[PDB]
Amino acid sequence: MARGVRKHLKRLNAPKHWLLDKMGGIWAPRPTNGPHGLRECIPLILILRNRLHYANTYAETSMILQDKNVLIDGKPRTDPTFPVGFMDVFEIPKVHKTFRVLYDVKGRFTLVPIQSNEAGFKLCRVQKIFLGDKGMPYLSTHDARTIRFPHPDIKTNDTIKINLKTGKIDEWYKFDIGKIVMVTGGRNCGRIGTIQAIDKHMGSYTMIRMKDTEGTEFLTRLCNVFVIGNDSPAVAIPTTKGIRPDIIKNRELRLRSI
Amino acid sequence: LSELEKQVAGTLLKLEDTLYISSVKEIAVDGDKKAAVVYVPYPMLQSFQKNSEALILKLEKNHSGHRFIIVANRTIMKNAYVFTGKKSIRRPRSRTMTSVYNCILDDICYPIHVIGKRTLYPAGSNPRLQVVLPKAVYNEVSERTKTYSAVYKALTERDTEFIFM
Amino acid sequence: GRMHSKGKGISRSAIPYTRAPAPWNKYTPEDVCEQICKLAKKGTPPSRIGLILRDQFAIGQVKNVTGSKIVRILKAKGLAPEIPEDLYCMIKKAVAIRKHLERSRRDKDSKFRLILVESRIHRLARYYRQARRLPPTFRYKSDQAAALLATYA
Amino acid sequence: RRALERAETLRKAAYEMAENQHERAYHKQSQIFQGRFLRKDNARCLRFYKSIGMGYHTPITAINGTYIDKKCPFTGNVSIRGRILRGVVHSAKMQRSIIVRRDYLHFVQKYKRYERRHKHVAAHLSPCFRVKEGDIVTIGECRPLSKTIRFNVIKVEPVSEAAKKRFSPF
Amino acid sequence: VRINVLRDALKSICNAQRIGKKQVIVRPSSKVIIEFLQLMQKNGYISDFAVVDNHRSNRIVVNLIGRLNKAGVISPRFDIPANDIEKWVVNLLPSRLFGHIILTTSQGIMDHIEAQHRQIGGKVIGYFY
RNA sequence: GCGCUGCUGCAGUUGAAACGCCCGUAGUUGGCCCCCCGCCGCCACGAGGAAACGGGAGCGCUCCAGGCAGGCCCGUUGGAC
Ligand SMILES: [Mg+2]
Ligand SMILES: [Mg+2]
Ligand SMILES: [Mg+2]
Ligand SMILES: [Mg+2]
Numbered sequence: 001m002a003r004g005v006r007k008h009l010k011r012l013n014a015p016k017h018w019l020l021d022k023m024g025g026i027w028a029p030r031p032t033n034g035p036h037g038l039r040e041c042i043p044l045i046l047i048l049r050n051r052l053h054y055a056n057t058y059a060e061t062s063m064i065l066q067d068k069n070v071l072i073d074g075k076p077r078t079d080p081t082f083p084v085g086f087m088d089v090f091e092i093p094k095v096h097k098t099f100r101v102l103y104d105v106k107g108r109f110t111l112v113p114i115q116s117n118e119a120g121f122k123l124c125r126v127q128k129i130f131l132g133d134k135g136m137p138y139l140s141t142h143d144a145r146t147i148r149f150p151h152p153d154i155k156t157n158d159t160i161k162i163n164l165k166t167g168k169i170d171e172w173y174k175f176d177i178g179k180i181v182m183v184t185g186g187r188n189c190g191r192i193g194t195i196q197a198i199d200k201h202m203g204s205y206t207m208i209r210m211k212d213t214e215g216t217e218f219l220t221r222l223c224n225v226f227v228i229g230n231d232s233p234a235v236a237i238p239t240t241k242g243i244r245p246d247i248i249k250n251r252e253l254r255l256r257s258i
Numbered sequence: 027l028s029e030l031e032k033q034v035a036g037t038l039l040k041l042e043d054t055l056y057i058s059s060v061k062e063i064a065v066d067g068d069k070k071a072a073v074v075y076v077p078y079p080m081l082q083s084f085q086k087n088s089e090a091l092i093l094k095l096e097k098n099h100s101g102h103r104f105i106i107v108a109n110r111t112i113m114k115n116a117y118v119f120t121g122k123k124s125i126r127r128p129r130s131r132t133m134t135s136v137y138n139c140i141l142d143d144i145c146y147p148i149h150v151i152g153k154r155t156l157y158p159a160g161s162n163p164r165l166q167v168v169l170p171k172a173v174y175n176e177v178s179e180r181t182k183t184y185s186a187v188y189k190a191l192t193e194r195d196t197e198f199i200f201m
Numbered sequence: 002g003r004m005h006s007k008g009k010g011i012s013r014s015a016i017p018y019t020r021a022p023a024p025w026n027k028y029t030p031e032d033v034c035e036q037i038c039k040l041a042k043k044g045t046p047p048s049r050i051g052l053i054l055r056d057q058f059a060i061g062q063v064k065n066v067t068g069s070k071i072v073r074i075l076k077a078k079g080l081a082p083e084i085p086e087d088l089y090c091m092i093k094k095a096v097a098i099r100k101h102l103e104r105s106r107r108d109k110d111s112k113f114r115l116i117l118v119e120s121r122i123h124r125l126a127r128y129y130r131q132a133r134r135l136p137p138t139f140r141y142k143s144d145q146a147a148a149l150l151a152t153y154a
Numbered sequence: 030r031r032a033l034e035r036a037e038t039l040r041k042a043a044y045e046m047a048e049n050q051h052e053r054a055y056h057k058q059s060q061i062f063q064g065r066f067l068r069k070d071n072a073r074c075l076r077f078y079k080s081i082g083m084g085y086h087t088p089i090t091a092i093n094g095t096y097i098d099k100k101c102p103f104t105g106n107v108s109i110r111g112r113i114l115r116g117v118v119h120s121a122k123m124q125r126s127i128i129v130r131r132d133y134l135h136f137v138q139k140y141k142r143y144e145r146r147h148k149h150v151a152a153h154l155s156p157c158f159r160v161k162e163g164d165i166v167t168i169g170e171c172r173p174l175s176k177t178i179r180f181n182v183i184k185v186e187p188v189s190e191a192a193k194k195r196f197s198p199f
Numbered sequence: 002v003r004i005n006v007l008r009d010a011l012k013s014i015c016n017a018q019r020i021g022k023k024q025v026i027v028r029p030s031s032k033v034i035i036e037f038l039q040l041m042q043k044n045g046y047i048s049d050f051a052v053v054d055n056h057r058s059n060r061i062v063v064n065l066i067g068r069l070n071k072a073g074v075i076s077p078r079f080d081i082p083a084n085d086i087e088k089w090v091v092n093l094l095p096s097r098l099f100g101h102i103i104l105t106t107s108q109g110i111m112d113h114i115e116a117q118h119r120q121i122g123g124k125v126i127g128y129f130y
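Residue numbers (the entry's author numbering), protein chains in the order written: chain E, 1 to 258; chain H, 27 to 43, 54 to 201; chain N, 2 to 154; chain L, 30 to 199; chain W, 2 to 130.
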């Protein structure tokens, strides 16, 4: 029974969707606390070193971050272990590359290059409405951001559009049947579909049923259902519109690419 | 609520020289002859069955064209227990489907009592039930076997057939 | 004879297939019901009542005439005994054996038979206590069996 | 007039209690502010009760009763949360507590057969409920009330005495 | 005491068929017996049969044709997962080409071939070939 | 190996092994019958939940034990399940 909090992370005990190599080393980076937690995030160095290949070692990534060449929602971050999460903005001005962090059909993080018209905001999921000091209403989001004095019409599990420049709401999407959603956890991560039923069980989890555009149907709990607009997506999405292929189709694709 | 009803009512008014009948049902038969079923409400069945044969023969002779049969009207329920949400409600056995069909079969040929029953399961043909009747009656009822089978098939989908033993 | 023996006899009665009354039957359900009243008033067990009806009045099955069994009719008339007849006869036999034994304390076969009868009594009494045919307080004690036998009769 | 009779009955229970000098302390409902009993009019509520939710209804005995129990789920200060279970009563000898019998099945893969097993669960029984041995009860989970008690009775379904003890998984 | 009626019926059937008889009488009829016999008839093993009503555990008469080779039951009705049937087929049947295994499912009494077709499981009743 | 620990799958007249007999609680096992309601078991599917190991798609570390790579015009190359 450890006397205090943990600071290390063994490579084998790291999350699977990070795709770390077994023999790369004994250790893995331990993300620091921030907007996203350990199991729904990814350290900055992994993106800067094992994905874009701009750096070959820890020291290069540290130097780059100190030089303040990377922006995360308009605020330069110098922490090599800063956690990056879903619906983030990842812009590198010195190479005119701007990406949005999303989930692929396989259930992994991806960078979707975006335009300037939609790179000044982000979508947030509201999880809690509480009264703070002096009875002032508040709200919290999945990225650990608190807003004061919100519109009464906003309820839990809704989606919020906040401008990055200032940090103010402009519009919100209600949680209802017939609204396009994206799955952010479980066996169905990265899929896109439309809500068709909402079944609530007293004292336990609420289940959400959605249908894929092709006609497929799948189930998931409400804790990882993310509205990304009405009917049509508000933001850009990867090339494939959240359609998971079968093993046979994936094998055909692999053989074609070989 | 039809035409045969007035004729049967007229006959009933002639016969005596306090009863009432629920309805009338007419079943077709392979031959031009047809069959008519008179629905006697359950409590008065035993009242009608004292002189069933005489009533049937007088009705047949007064009006021809089809034979007359008397059967009671019994309801059927479809749940052994009924869950009201609090207590429990149990279906009496008399309202079961199996009992009702047997009672119907007994009533169709009330004067003669069934001596046996057997259901055959041929290799390919649909199973059929054959009943066994006393040897004494024989030809006394041999002219109503086809109509009896037709009516039993009509009221209940179970097909049947007749023999003597 | 199987529960407390080794015999394998098969003596029983086979009732007819038809449930209808005899053609020569000239009795209604009321007339028979009054006959049970007189027999019951005189203090007769249902089995003997059925014997008498079958022999004297030529009624093979009461059910085929009245549509109900004898004890059901008695209960409808509020004349059925509190203690079922079979258990009462068992207790009578046990009391007789106990009297004969207390007369003489060297017969061991009588003790054997007493053991068997008491076991049967306990089994039947338990079965009747379940199904709510007897008071929950009902209990059989050998010492005071004669007294209750006298009262419960 | 019906409310007036209730208030008088509740008021007497408070004043006859003060005449039970044998008791070491005066037992009261924490929510109600003593002093309302000095009001002649029925302009204030004298008894406190709540609804535990989950579709269960509050017994009339609790609403119209004259008993004090800080561990009761209806008139006390505890909350139901977690697992709801069922069982039969095994013993009712303590002051306000019972022992509940639960039955389940355990499968053995080697022999491809089952075993019958049982566990004992202790619970708190509020005075609003009357229970004998063999009845079926529904228990809800609460915070630790004692060394062995983490459940509270919520519903009682009477069973006839003299009935046969039978293996009844629930 | 009498417990498994189906076992008694099958033993009587095999005993009669051994000495080249033509008709057998089984005493306590039941629905399961009737479905078993229906399946046997459908696969062509025992021709036809009849049920005689006596108001007390009806009897039944069957006609044989000297094709049945062995019939039996599994007393403690174990559960068969939908993917655990081939082991039982190997253990019980002479070959994988002929022979039948009877299962009771939520969809009714059916041959193991049909259950494999629908990819479901259930409880085992018997077998014949 | 060993069906010489036997659930699948041993033996109990003579080789080792049926209590001298009966009653009997706990325990185990209990004929047939109502087509559709409630509950328990059961079957199927699904959600949720670490990897490594094991299975398994693809890749010529010269082969192999292995590892997650490589050439170019790369599924957004891939590391599926
Ligand atoms: Mg015995
Ligand atoms: Mg015998
Ligand atoms: Mg020797
Ligand atoms: Mg020996």
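Cβ coordinates follow ideal geometry from the N, Cα and C atoms, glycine included.
Cβ neighbour criterion (16 or more within 10 Å) applied to residue i
i: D144 (chain N); result: exposed
i: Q120 (chain W); result: exposed
i: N106 (chain L); result: exposed
i: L67 (chain L); result: exposed
i: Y184 (chain H); result: buried
i: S30 (chain W); result: buried
i: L88 (chain N); result: buried
i: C90 (chain N); result: exposed
i: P152 (chain E); result: exposed
i: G120 (chain E); result: exposed
Rounded separation between residue i and residue j - CA only
i: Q108 (chain W); j: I112 (chain H); result: 26 Å
i: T106 (chain W); j: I34 (chain W); result: 16 Å
i: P17 (chain N); j: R78 (chain W); result: 39 Å
i: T19 (chain N); j: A83 (chain W); result: 49 Å
i: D104 (chain E); j: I42 (chain E); result: 14 Å
i: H56 (chain L); j: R76 (chain L); result: 14 Å
i: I47 (chain E); j: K128 (chain E); result: 31 Å
i: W27 (chain E); j: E144 (chain L); result: 47 Å
i: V117 (chain L); j: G122 (chain W); result: 34 Å
i: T216 (chain E); j: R251 (chain E); result: 20 Å
i: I192 (chain E); j: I180 (chain E); result: 7 Å
i: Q115 (chain E); j: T146 (chain E); result: 27 Å
i: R51 (chain E); j: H17 (chain E); result: 13 Å
i: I72 (chain E); j: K97 (chain E); result: 13 Å
Residues that residue i bridges to, as DSSP identifies them
i: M87 (chain E); result: Paired residues: none, contrary to the question.
i: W18 (chain E); result: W18 (chain E) pairs with nothing; no bridge assigned.
i: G79 (chain N); result: In DSSP, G79 (chain N) forms no bridge with anything.
i: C124 (chain E); result: E:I160
i: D80 (chain W); result: W:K124
i: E186 (chain L); result: L:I165
Own chain, CB closer than 7 Å to residue i, minus 5 neighbours either side, in chain order
i: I140 (chain H); result: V107, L191, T192
i: residue 1 (chain N); result: Residue 1 (chain N) cannot be examined here, being either before or after the span of chain N that is shown, 2 to 154.
i: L174 (chain L); result: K100, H153
i: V65 (chain H); result: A71, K182, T183, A186
Nonlocal neighbours in the same chain, by C-beta distance under 8 Å from residue i, ignoring five residues either side
i: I122 (chain N); result: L88, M91, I92, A95, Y141
Spell out a yes or no on whether the region 184-191 of chain E and the region 215-225 of chain E are touching, meaning 3 or more CB-CB pairs, one atom from each, closer than 8 Å. yes
Should the region 83-99 of chain L be called in touch with the region 131-145 of chain L, which here means at least 3 C-beta pairs below 8 Å? As far as the Cβ criterion goes, the region 83-99 of chain L does not touch the region 131-145 of chain L, which means the pair count is below three.
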